[PDB]
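Student: Okay, here's the structure, questions in a sec.
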Protein chains: 2
Amino acid sequence: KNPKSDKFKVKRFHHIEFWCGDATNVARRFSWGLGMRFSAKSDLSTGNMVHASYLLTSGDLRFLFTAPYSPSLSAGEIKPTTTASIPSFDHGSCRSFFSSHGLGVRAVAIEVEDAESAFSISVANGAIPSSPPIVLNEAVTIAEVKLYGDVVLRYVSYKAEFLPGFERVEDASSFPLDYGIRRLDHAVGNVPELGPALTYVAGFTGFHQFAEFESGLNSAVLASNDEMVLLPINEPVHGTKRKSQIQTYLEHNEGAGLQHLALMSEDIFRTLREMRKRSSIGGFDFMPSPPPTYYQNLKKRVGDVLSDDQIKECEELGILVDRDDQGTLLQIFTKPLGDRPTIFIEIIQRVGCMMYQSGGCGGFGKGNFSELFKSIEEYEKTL
Amino acid sequence: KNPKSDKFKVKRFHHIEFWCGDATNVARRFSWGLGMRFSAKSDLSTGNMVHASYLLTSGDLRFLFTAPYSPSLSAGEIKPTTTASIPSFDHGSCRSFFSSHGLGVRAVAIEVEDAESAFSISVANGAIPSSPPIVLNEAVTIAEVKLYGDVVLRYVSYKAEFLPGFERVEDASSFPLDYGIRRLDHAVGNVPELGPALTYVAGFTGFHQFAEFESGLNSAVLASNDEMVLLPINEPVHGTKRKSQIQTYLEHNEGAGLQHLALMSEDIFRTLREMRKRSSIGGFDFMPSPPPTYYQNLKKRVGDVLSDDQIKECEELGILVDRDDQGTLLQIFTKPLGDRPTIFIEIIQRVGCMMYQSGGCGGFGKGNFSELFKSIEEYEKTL
Ligand SMILES: Cc1nn(C)c(O)c1C(=O)c1ccc2nnn(Cc3ccc(F)cc3)c(=O)c2c1C
Ligand SMILES: Cc1nn(C)c(O)c1C(=O)c1ccc2nnn(Cc3ccc(F)cc3)c(=O)c2c1C
Ligand SMILES: [Co+2]
Ligand SMILES: [Co+2]
């Protein structure tokens, strides 16, 4: 059931912005680890005396990395005279965010028809304003409201590359890396209390609950009208034998924030081969693979969707598989992206629900908790 | 002339410590860009609730990357009960350093015979104490005094891998990268006033001035008894046509700090081939190469040291060449390591002064300023 209750016209995920202490080193690490190209910049070389911002792209996926310069470089400026290309940026907010949370997502940006309208309707419907609508070069409008913790939902609308004031990156500095990642599938937040978080966000967006089918969490997924913008939210389950990973996140992150980004691949096998080649040479590590009992149990569950060779290829790469009543998904999770056990990345590919592919085809893999537990004691018994 | 006036026994450079906002991403970028292996760690997985520290090695070169965790993880601790592996670490100092300077060197560490003695004699001779001597696991002693800006000179002495509380990194996570870098040759500071900086440091170390042979700077080099610990210091020259790069550093760094690290290669041609292959895929960029007039002028200056092919190989890689009355050096400079135009790296190889090779063989390349200017207008005229 999809009531299509969006209070304003939402298009697609537009970009994700990381707040960094040094944007250069994070962007270069991510570029190599994920196979994303350097595509735009806004920094001292483009006249920006306020912040350094570097944009990586792979397909339609856009990762922005931003860090503050010394405030002394821009001490003469006022907001009317700012050289910042992102007017919502604030030195104090950025430094406070990174010292509080470490490396993490500041903004989940979605493209909308009219960012000023989206902002007004959101705030009229309970959203906490973060940055009012600002029109950039009479061409693009940006506005921000609080999502959870210190994460903002950023509205972007275009009258008609990335943002005014950003320059395209020269070919010499722009190596065409590509490991197959194509777009952001969903972005997941961790909060202490799911109920009030859901009520707040569904309250100001009109996003509806996306239907699903003791793992340490309770979850729910908010979705736009065509279910292409997907925002899951988790809360911890306390008292459990194993401590909730949601609680660990909240402790090390100093509260609520973005837990993981799920990146759709057009060929998850190629993506994982390329990423795993680079894990120990600057890229990303992956969670430990499931036991072979898990892959021995895959024939009975998805043997009609994946060949034996394709299942063996999942085993080689540590890929997980789950299935809806309507589709199948392949997924795998990285280890945390930075020092703290907080944000990580999921790589995903979805099989089915063809019409284009409908959003969320196959679900989000919640069945992989019990299957993993089931594989673990089975492999212990086989030993 | 070398008076050998060291006030305590100094051995070699031991390590360089970067203070980071996220040590993981910087260490992974540097590892790939410079061909350094992950060799030790101290972090949550080793019981350290205070800071994340990752050690990269190439030959005898040791780069340490450290960032703070949330203070809440260690709020119950006191210094007697600390889980920090580096007792001088302070959350507030680290956050203040990185917000003030961005990514940069906090500590230049030298190995000494007796770190407590080195500390006492230094402070008795004018050094500003930063962290008193602390004995780690009855095995290693560490102490720190101020060097310039917020950079400390760290004394390490061993009674008898890296530091107690660090664990060696597992083979799977430790890929044996190596592009030929072997040790730290020198570490250079920028200050507003050279005179008082020299008087202070030579005052408490007994380091002597290393003899040399309008570029925007005045410089002098302090050296230990065997001239293997080399600490150059620069001040800006104001009024010049082109603005001093030393002044630009001081402005963007918010004052004095470490300007560049010079890393000796056992084969600078291999090192530069390997680094340049990776510049646009996560590694380091290099300054723009000199005009071919520079290499056309190399035959007359070093044609007795380098063959024509070896000179052509310098041209392919953008390497610079300078010569003493006693030796020749090959050198090249990276672009800044992070967002700000502050710290960069120099790769160097020295030819001559065999006895082992004596320190500073060939000088530091100060002659390359006039040669570069001379190449530039010559190439303009040839056009
Ligand atoms: C649920 C779920 N609900 N919604 C809306 C989602 O998007 C999801 C997921 O993506 C999903 C699905 C299956 C999984 N199976 N195992 N693990 C183990 C683990 C990995 C990294 C850690 F730091 C700690 C534990 C997972 O994390 C896991 C996730 C995170
Ligand atoms: C001097 C000197 N004295 N001592 C004790 C040293 O160690 C040195 C050097 O290493 C040395 C030698 C020759 C050079 N020729 N050209 N450039 C251009 C440039 C590069 C990066 C920038 F951000 C701005 C300008 C240099 O920097 C340069 C250096 C830095
Ligand atoms: Co997910
Ligand atoms: Co130098």
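Residues in the structure tokens are named by chain (A, B, ... in the order shown) and by number from 1 within that chain; ligands are numbered from 1 in the order shown.
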List as a list in words the protein and nucleic acid residues near segment 227-234 of chain A, meaning an atom at most 6 Å away when only C-alpha atoms are counted, but skip any in the same chain fewer than 6 places from it.

Tutor: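 My list of contacting residues is residues 186, 187, 188, 189, 190, 218, 219, 220, 221 and 359 of chain A.
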
Student: Step by step, measure atom-to-atom distances between ligand 2 and each residue using only C-alpha atoms and all ligand atoms, keep those at most 9 Å, then write them as an NGL selection string.

Tutor: :B and (186-188 or 212 or 215 or 217-221 or 230-234 or 244-246 or 248-249 or 259-262 or 286-288 or 320 or 322 or 331-336 or 341-346 or 363-372)

Student: Mind giving me the straight-line distance from atom CA of residue 141 of chain A to atom CA of residue 19 of chain A in Å, one decimal?

Tutor: 20.7 Å

Student: Please report as a PyMOL selection string which residues of chain B come no farther than 9 Å from chain A, using only C-alpha atoms.

Tutor: chain B and resi 20-33+35+37-38+43-44+52+67-70+72-73+95+98-103+172-175+177+251-254+279-283+285+337-340

Student: Can you list, as an NGL selection string, every protein, DNA or RNA residue that comes within 10 Å of residue 128 of chain B when you count only C-alpha atoms, leaving out same-chain residues fewer than 2 positions away?

Tutor: :B and (119 or 122-126 or 130-131 or 144-147 or 152 or 200 or 204)

Student: Deliver the residues from the most recent selection as a file, using N, CA, C and O atoms, as a PDB file, in the first residue's frame.

Tutor:
ATOM      1  N   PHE B 119      65.390  15.454  27.972  1.00  0.00           N
ATOM      2  CA  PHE B 119      64.358  16.404  28.375  1.00  0.00           C
ATOM      3  C   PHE B 119      64.897  17.377  29.418  1.00  0.00           C
ATOM      4  O   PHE B 119      64.712  18.595  29.308  1.00  0.00           O
ATOM      5  N   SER B 122      67.516  19.692  27.924  1.00  0.00           N
ATOM      6  CA  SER B 122      66.851  20.650  27.047  1.00  0.00           C
ATOM      7  C   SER B 122      66.164  21.743  27.852  1.00  0.00           C
ATOM      8  O   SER B 122      66.312  22.935  27.557  1.00  0.00           O
ATOM      9  N   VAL B 123      65.370  21.353  28.854  1.00  0.00           N
ATOM     10  CA  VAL B 123      64.629  22.349  29.619  1.00  0.00           C
ATOM     11  C   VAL B 123      65.591  23.197  30.440  1.00  0.00           C
ATOM     12  O   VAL B 123      65.404  24.408  30.572  1.00  0.00           O
ATOM     13  N   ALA B 124      66.666  22.589  30.949  1.00  0.00           N
ATOM     14  CA  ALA B 124      67.668  23.388  31.650  1.00  0.00           C
ATOM     15  C   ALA B 124      68.303  24.410  30.724  1.00  0.00           C
ATOM     16  O   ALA B 124      68.841  25.415  31.197  1.00  0.00           O
ATOM     17  N   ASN B 125      68.222  24.191  29.411  1.00  0.00           N
ATOM     18  CA  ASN B 125      68.869  25.055  28.437  1.00  0.00           C
ATOM     19  C   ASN B 125      67.874  25.840  27.589  1.00  0.00           C
ATOM     20  O   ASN B 125      68.209  26.256  26.478  1.00  0.00           O
ATOM     21  N   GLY B 126      66.666  26.070  28.103  1.00  0.00           N
ATOM     22  CA  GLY B 126      65.728  26.996  27.507  1.00  0.00           C
ATOM     23  C   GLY B 126      64.538  26.348  26.836  1.00  0.00           C
ATOM     24  O   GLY B 126      63.617  27.065  26.441  1.00  0.00           O
ATOM     25  N   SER B 130      56.739  20.373  26.991  1.00  0.00           N
ATOM     26  CA  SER B 130      55.422  20.053  26.466  1.00  0.00           C
ATOM     27  C   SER B 130      54.825  18.823  27.128  1.00  0.00           C
ATOM     28  O   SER B 130      53.642  18.816  27.465  1.00  0.00           O
ATOM     29  N   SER B 131      55.617  17.778  27.323  1.00  0.00           N
ATOM     30  CA  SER B 131      55.154  16.608  28.012  1.00  0.00           C
ATOM     31  C   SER B 131      56.353  16.007  28.733  1.00  0.00           C
ATOM     32  O   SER B 131      57.387  15.738  28.085  1.00  0.00           O
ATOM     33  N   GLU B 144      58.580  15.370  25.449  1.00  0.00           N
ATOM     34  CA  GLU B 144      58.352  16.336  24.380  1.00  0.00           C
ATOM     35  C   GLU B 144      58.640  17.753  24.844  1.00  0.00           C
ATOM     36  O   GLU B 144      58.291  18.134  25.966  1.00  0.00           O
ATOM     37  N   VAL B 145      59.265  18.538  23.965  1.00  0.00           N
ATOM     38  CA  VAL B 145      59.451  19.968  24.188  1.00  0.00           C
ATOM     39  C   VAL B 145      58.956  20.696  22.950  1.00  0.00           C
ATOM     40  O   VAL B 145      58.864  20.126  21.862  1.00  0.00           O
ATOM     41  N   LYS B 146      58.626  21.967  23.123  1.00  0.00           N
ATOM     42  CA  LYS B 146      58.170  22.754  21.988  1.00  0.00           C
ATOM     43  C   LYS B 146      59.312  23.000  21.014  1.00  0.00           C
ATOM     44  O   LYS B 146      60.441  23.299  21.410  1.00  0.00           O
ATOM     45  N   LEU B 147      59.011  22.862  19.721  1.00  0.00           N
ATOM     46  CA  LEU B 147      59.975  23.131  18.659  1.00  0.00           C
ATOM     47  C   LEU B 147      59.710  24.477  17.991  1.00  0.00           C
ATOM     48  O   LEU B 147      60.569  25.362  18.015  1.00  0.00           O
ATOM     49  N   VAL B 152      56.094  19.798  18.238  1.00  0.00           N
ATOM     50  CA  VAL B 152      56.963  19.413  19.344  1.00  0.00           C
ATOM     51  C   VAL B 152      58.110  18.577  18.808  1.00  0.00           C
ATOM     52  O   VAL B 152      57.981  17.866  17.803  1.00  0.00           O
ATOM     53  N   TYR B 200      66.551  29.765  19.913  1.00  0.00           N
ATOM     54  CA  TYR B 200      65.846  28.880  20.828  1.00  0.00           C
ATOM     55  C   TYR B 200      66.249  27.421  20.618  1.00  0.00           C
ATOM     56  O   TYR B 200      66.646  26.737  21.567  1.00  0.00           O
ATOM     57  N   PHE B 204      68.704  24.893  23.116  1.00  0.00           N
ATOM     58  CA  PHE B 204      68.446  23.755  23.996  1.00  0.00           C
ATOM     59  C   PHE B 204      68.962  22.420  23.460  1.00  0.00           C
ATOM     60  O   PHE B 204      69.084  21.460  24.240  1.00  0.00           O
TER      61      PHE B 204
END

Student: Quick one: residues within 12 Å of residue 88 of chain B, only C-alpha atoms, excluding same-chain residues fewer than 5 positions away - as an NGL selection string?

Tutor: :B and (50-51 or 79 or 82-83 or 93-94 or 106-107 or 129-136 or 141-145 or 152 or 154-155)

Student: Would you list the contacts of residue 54 of chain A as an NGL selection string, taking every protein, DNA or RNA residue within 6 Å and counting only C-alpha atoms, but skipping same-chain residues closer than 6 positions in sequence?

Tutor: :A and (41 or 64-65)

Student: Keeping N, CA and C atoms for every residue in the selection just given, could you write it to a file as a tab-separated table (two decimals), in the first residue's frame?

Tutor:
chain	number	residue	atom	x	y	z
A	41	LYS	N	35.04	20.85	-8.26
A	41	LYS	CA	35.66	21.38	-7.05
A	41	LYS	C	35.22	22.81	-6.78
A	64	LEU	N	30.05	14.38	-2.04
A	64	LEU	CA	30.69	15.66	-1.81
A	64	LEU	C	31.44	15.61	-0.49
A	65	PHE	N	32.70	16.08	-0.49
A	65	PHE	CA	33.57	16.10	0.69
A	65	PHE	C	33.94	17.54	0.97

Student: So which one's closest to ligand 3, A:263, A:317, A:383, A:40? Using only C-alpha atoms and all ligand atoms, please.

Tutor: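 With only C-alpha atoms and all ligand atoms as the atom set, the closest residue is A:263.
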
Student: Considering only C-alpha atoms and all ligand atoms, can you say which of A:258, A:16, A:108, A:302 comes closest to ligand 1?

Tutor: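 Ranking A:258, A:16, A:108, A:302 by distance to ligand 1, first place goes to A:258.
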
Student: Could you write out, as a PyMOL selection string, all the residues of segment 245-378 of chain A that DSSP marks as helix (DSSP H, G or I)?

Tutor: chain A and resi 245-252+268-277+279-281+292-296+298-302+308-317+368-378

Student: Please extract the residues of segment 32-93 of chain B with a backbone DSSP assignment of strand (DSSP E or B) and present them as a short mmCIF file (atom, residue, chain, number, x, y, z; two decimals) with N, CA, C and O atoms, in the first residue's frame.

Tutor:
data_model
loop_
_atom_site.label_atom_id
_atom_site.label_comp_id
_atom_site.auth_asym_id
_atom_site.auth_seq_id
_atom_site.Cartn_x
_atom_site.Cartn_y
_atom_site.Cartn_z
N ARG B 37 53.92 0.68 4.06
CA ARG B 37 53.20 -0.45 4.61
C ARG B 37 52.53 -0.11 5.93
O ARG B 37 53.13 0.56 6.76
N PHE B 38 51.32 -0.64 6.15
CA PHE B 38 50.71 -0.57 7.48
C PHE B 38 51.43 -1.53 8.42
O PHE B 38 51.42 -2.75 8.20
N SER B 39 52.06 -1.02 9.48
CA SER B 39 52.87 -1.91 10.29
C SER B 39 52.47 -2.01 11.76
O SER B 39 52.76 -3.04 12.37
N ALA B 40 51.84 -1.00 12.35
CA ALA B 40 51.37 -1.13 13.72
C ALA B 40 50.12 -0.29 13.93
O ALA B 40 49.86 0.65 13.18
N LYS B 41 49.36 -0.63 14.96
CA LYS B 41 48.17 0.15 15.30
C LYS B 41 47.97 0.21 16.81
O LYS B 41 48.38 -0.68 17.56
N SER B 42 47.31 1.28 17.24
CA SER B 42 46.84 1.43 18.61
C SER B 42 45.48 2.10 18.49
O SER B 42 45.40 3.23 18.01
N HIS B 51 42.65 7.47 21.63
CA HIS B 51 43.03 7.92 20.30
C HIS B 51 43.22 6.72 19.39
O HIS B 51 43.50 5.60 19.84
N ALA B 52 43.02 6.96 18.10
CA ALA B 52 43.32 6.01 17.03
C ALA B 52 44.67 6.40 16.43
O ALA B 52 44.83 7.53 15.96
N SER B 53 45.63 5.47 16.43
CA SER B 53 46.95 5.75 15.88
C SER B 53 47.38 4.62 14.96
O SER B 53 47.38 3.45 15.36
N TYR B 54 47.76 4.97 13.73
CA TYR B 54 48.17 3.98 12.73
C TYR B 54 49.55 4.33 12.22
O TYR B 54 49.81 5.49 11.85
N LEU B 55 50.43 3.34 12.16
CA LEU B 55 51.82 3.55 11.79
C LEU B 55 52.09 2.97 10.42
O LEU B 55 51.76 1.81 10.17
N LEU B 56 52.64 3.79 9.52
CA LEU B 56 53.11 3.36 8.21
C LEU B 56 54.64 3.35 8.20
O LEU B 56 55.28 4.23 8.78
N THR B 57 55.22 2.37 7.52
CA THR B 57 56.67 2.28 7.43
C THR B 57 57.11 2.05 5.99
O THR B 57 56.42 1.39 5.20
N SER B 58 58.24 2.64 5.63
CA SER B 58 58.93 2.29 4.39
C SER B 58 60.42 2.37 4.71
O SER B 58 60.95 3.46 4.97
N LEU B 61 61.69 4.80 7.46
CA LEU B 61 60.78 5.93 7.59
C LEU B 61 59.53 5.47 8.33
O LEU B 61 58.95 4.44 7.99
N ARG B 62 59.12 6.23 9.35
CA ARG B 62 57.94 5.88 10.13
C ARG B 62 57.01 7.09 10.16
O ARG B 62 57.37 8.13 10.71
N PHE B 63 55.81 6.94 9.57
CA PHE B 63 54.75 7.94 9.62
C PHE B 63 53.64 7.44 10.53
O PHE B 63 53.04 6.39 10.26
N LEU B 64 53.32 8.22 11.57
CA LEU B 64 52.25 7.92 12.52
C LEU B 64 51.10 8.89 12.29
O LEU B 64 51.34 10.10 12.20
N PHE B 65 49.87 8.37 12.22
CA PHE B 65 48.65 9.15 12.00
C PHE B 65 47.75 8.95 13.20
O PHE B 65 47.37 7.82 13.51
N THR B 66 47.40 10.04 13.89
CA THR B 66 46.63 9.95 15.12
C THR B 66 45.45 10.91 15.09
O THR B 66 45.57 12.03 14.61
N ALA B 67 44.32 10.44 15.59
CA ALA B 67 43.10 11.24 15.73
C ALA B 67 42.42 10.89 17.04
O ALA B 67 42.55 9.77 17.54
N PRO B 68 41.68 11.84 17.62
CA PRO B 68 40.96 11.55 18.87
C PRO B 68 39.64 10.83 18.64
O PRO B 68 38.94 11.07 17.66
#

Student: Mind checking which residues fall within 7 Å of residue 110 of chain A, counting only C-alpha atoms, ignoring those fewer than 6 positions away in the same chain, and posting them as a PyMOL selection string?

Tutor: chain A and resi 12-15+154-156

Student: Convert the current residue selection to file output with N, CA, C and O atoms, as a PDB file, in the first residue's frame.

Tutor:
ATOM      1  N   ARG A  12      14.821  12.595  -7.241  1.00  0.00           N
ATOM      2  CA  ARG A  12      15.717  11.513  -6.857  1.00  0.00           C
ATOM      3  C   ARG A  12      16.709  12.024  -5.826  1.00  0.00           C
ATOM      4  O   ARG A  12      16.855  13.227  -5.622  1.00  0.00           O
ATOM      5  N   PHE A  13      17.397  11.086  -5.174  1.00  0.00           N
ATOM      6  CA  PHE A  13      18.605  11.444  -4.439  1.00  0.00           C
ATOM      7  C   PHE A  13      19.522  12.240  -5.353  1.00  0.00           C
ATOM      8  O   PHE A  13      19.709  11.891  -6.522  1.00  0.00           O
ATOM      9  N   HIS A  14      20.081  13.324  -4.826  1.00  0.00           N
ATOM     10  CA  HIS A  14      20.954  14.188  -5.606  1.00  0.00           C
ATOM     11  C   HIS A  14      22.419  14.046  -5.216  1.00  0.00           C
ATOM     12  O   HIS A  14      23.275  13.850  -6.086  1.00  0.00           O
ATOM     13  N   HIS A  15      22.735  14.158  -3.930  1.00  0.00           N
ATOM     14  CA  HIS A  15      24.112  13.961  -3.488  1.00  0.00           C
ATOM     15  C   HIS A  15      24.126  13.715  -1.987  1.00  0.00           C
ATOM     16  O   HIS A  15      23.138  13.931  -1.276  1.00  0.00           O
ATOM     17  N   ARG A 154      18.645  18.044   2.620  1.00  0.00           N
ATOM     18  CA  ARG A 154      18.923  19.194   1.769  1.00  0.00           C
ATOM     19  C   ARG A 154      18.036  19.114   0.534  1.00  0.00           C
ATOM     20  O   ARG A 154      18.063  18.114  -0.186  1.00  0.00           O
ATOM     21  N   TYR A 155      17.258  20.163   0.289  1.00  0.00           N
ATOM     22  CA  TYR A 155      16.482  20.259  -0.937  1.00  0.00           C
ATOM     23  C   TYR A 155      17.265  21.051  -1.974  1.00  0.00           C
ATOM     24  O   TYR A 155      17.777  22.132  -1.676  1.00  0.00           O
ATOM     25  N   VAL A 156      17.344  20.518  -3.188  1.00  0.00           N
ATOM     26  CA  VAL A 156      17.968  21.191  -4.325  1.00  0.00           C
ATOM     27  C   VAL A 156      16.954  21.208  -5.459  1.00  0.00           C
ATOM     28  O   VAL A 156      16.362  20.171  -5.765  1.00  0.00           O
TER      29      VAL A 156
END

Student: So which one's closest to residue 324 of chain B, B:306, B:160, B:153, B:353? Using only C-alpha atoms, please.

Tutor: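 Smallest distance to residue 324 of chain B is found for B:353.
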
Student: When you draw a straight line from atom CA of residue 45 of chain B to atom CA of residue 105 of chain B, how long is it in Å?

Tutor: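 Computing the Euclidean distance for atom CA of residue 45 of chain B and atom CA of residue 105 of chain B yields 24.7 Å.
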
Student: Hey, can you check how far atom CA of residue 290 of chain B sits from atom CA of residue 318 of chain B?

Tutor: 6.6 Å

Student: Have a look at A:269, A:137, A:34, A:360 and name the one nearest to residue 222 of chain A; count only C-alpha atoms.

Tutor: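 The answer is A:360, which sits nearest to residue 222 of chain A.
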
Student: Would you pick out the contacts of residue 329 of chain B at 6 Å or less, using only C-alpha atoms, so that residues sharing its chain but fewer than 5 positions from it are not included, and give the list as a PyMOL selection string?

Tutor: chain B and resi 321-322+349-351+362

Student: Measuring between only C-alpha atoms and all ligand atoms, which one of B:330, B:111, B:289, B:226 shows the shortest distance to ligand 4?

Tutor: B:330

Student: My list of candidates is A:256, A:250, A:78, A:354. Which is closest to ligand 1 when distances are computed with only C-alpha atoms and all ligand atoms?

Tutor: A:250
